[PDB]
Amino acid sequence: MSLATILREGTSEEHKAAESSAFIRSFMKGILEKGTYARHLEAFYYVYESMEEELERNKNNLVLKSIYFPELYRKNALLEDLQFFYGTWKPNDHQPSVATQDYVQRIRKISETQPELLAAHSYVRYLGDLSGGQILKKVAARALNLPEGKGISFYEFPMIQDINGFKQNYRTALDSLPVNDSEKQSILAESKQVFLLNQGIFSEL
Ligand code: HEM
């Protein structure tokens, strides 16, 4: 049946388990520490930089073509938030953590061997970002007592003026992917792995 439905129903438990980290529990209670939050953005910087490198590389893949959504890219939003927190963010002074490196390796290796599985990476990260952004930006601003419009670029999509319409269009796009039900199962298996890789980076904080 529907790939968007398969992924939603198939990853409901993984979404819940990704909050077993104390970083996320406190974030959900409205508690964040500046230093820890900034390291959390560093891990996402490396992840999205790699994912966007690989999605651009595979943009004309027949399966990925209909989910070519540069509107969702986060690398530049992350850089901007990193500059707000650090003043000047030097990547060589803040090299990727062990869990970040394993996540980037997964992205790279998937891109070169099974690029259709990058659909799982797009789903887990971007559809989550679009779904949670408005809520998470308010929680983060309140937790860190942030100035108006600063340090929350990661949660904002200036290229998308209708978030609700885009989320619907995204799920319709997932359902349009030219993949069979067996291939959708492989996309679900990858999505579960992505949730685990996110739990891995959260575990470090
Ligand atoms: C690893 C952490 C997380 C990942 C990978 C993630 C991923 C996702 C994904 C992929 C969806 C889309 C589900 C679907 O429509 O099929 C989603 C939905 C959602 N997520 Fe998360 N999520 C995470 C954590 C959080 C956190 C911390 C919040 C706190 C607000 C949150 C709030 C939501 C909400 C409210 C939705 C549903 C939005 C809607 O239906 O309008 N998530 N998430």
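This chain uses plain numbering: 1 for the first residue, then up along the sequence. Note that ligands are numbered from 1 as they come in the structure, with each ligand's atoms numbered from 1 the same way.
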Asker: Would you mind finding which of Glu14, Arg8, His15 brings a heavy atom closest to atom 42 (N) of ligand 1?
Answerer: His15
Asker: What residue and heavy atom of the protein are closest to atom 30 (C) of ligand 1, and at what distance?
Answerer: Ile135 CG2, 3.7 Å
Asker: Tell me: protein heavy atom nearest atom 26 (C) of ligand 1, and distance?
Answerer: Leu136 CD2, 4.3 Å
Asker: Heavy atoms only: which of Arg125, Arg25, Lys167 is nearest to atom 41 (O) of ligand 1?
Answerer: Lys167
Asker: Given the protein's heavy atoms, is any one of them under 4.0 Å from atom 34 (C) of ligand 1?
Answerer: no
Asker: As a check for students: among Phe202, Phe23, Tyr123, identify the option with a heavy atom nearest to atom 1 (C) of ligand 1.
Answerer: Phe202
Asker: Considering only NZ, NE, NH1 and NH2 on the basic side and carboxylate oxygens on the acidic side, decide whether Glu52 and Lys75 come within less than 4.0 Å.
Answerer: no
Asker: Are any of the N/O atoms in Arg171 less than 3.5 Å from those in ligand 1?
Answerer: no
Asker: Does this structure show an ion pair linking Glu19 with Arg25, if we count only N-O contacts that are shorter than 4.0 Å?
Answerer: no
Asker: Salt-bridged, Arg106 to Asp102, with N to O below 4.0 Å?
Answerer: no
Asker: Hey, which atoms in ligand 1 end up nearer than 4.0 Å to a heavy atom of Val124?
Answerer: 5 (C), 7 (C), 10 (C)
Asker: Among protein heavy atoms, which lies nearest atom 5 (C) of ligand 1, and at what distance?
Answerer: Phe195 CE2, 3.4 Å
Asker: Between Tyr86 and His94 (judged by ring centroids, cut-off 6.0 Å), do the two rings come close enough to count as a pair?
Answerer: yes
Asker: So, is the end of the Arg74 side chain (NZ or CZ) under 6.0 Å from the ring centre of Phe157 and within 45° of the ring's axis?
Answerer: yes
Asker: In the protein, which heavy atom is nearest to atom 29 (C) of ligand 1, and how far is it?
Answerer: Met28 SD, 3.5 Å
Asker: Let me see the working for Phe69 and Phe166 under ring-ring contact (aromatic ring centres under 6.0 Å, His included), right down to the final yes or no.
Answerer: CA-CA 10 Å; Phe69 290 123; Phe166 199 99; 5.0 Å; yes
Asker: Of the protein's non-hydrogen atoms, which lies at the shortest distance from atom 11 (C) of ligand 1, and what is that distance?
Answerer: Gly128 CA, 3.7 Å
Asker: Among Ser131, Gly10, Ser122, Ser21, which one puts a heavy atom closest to atom 37 (C) of ligand 1?
Answerer: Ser131
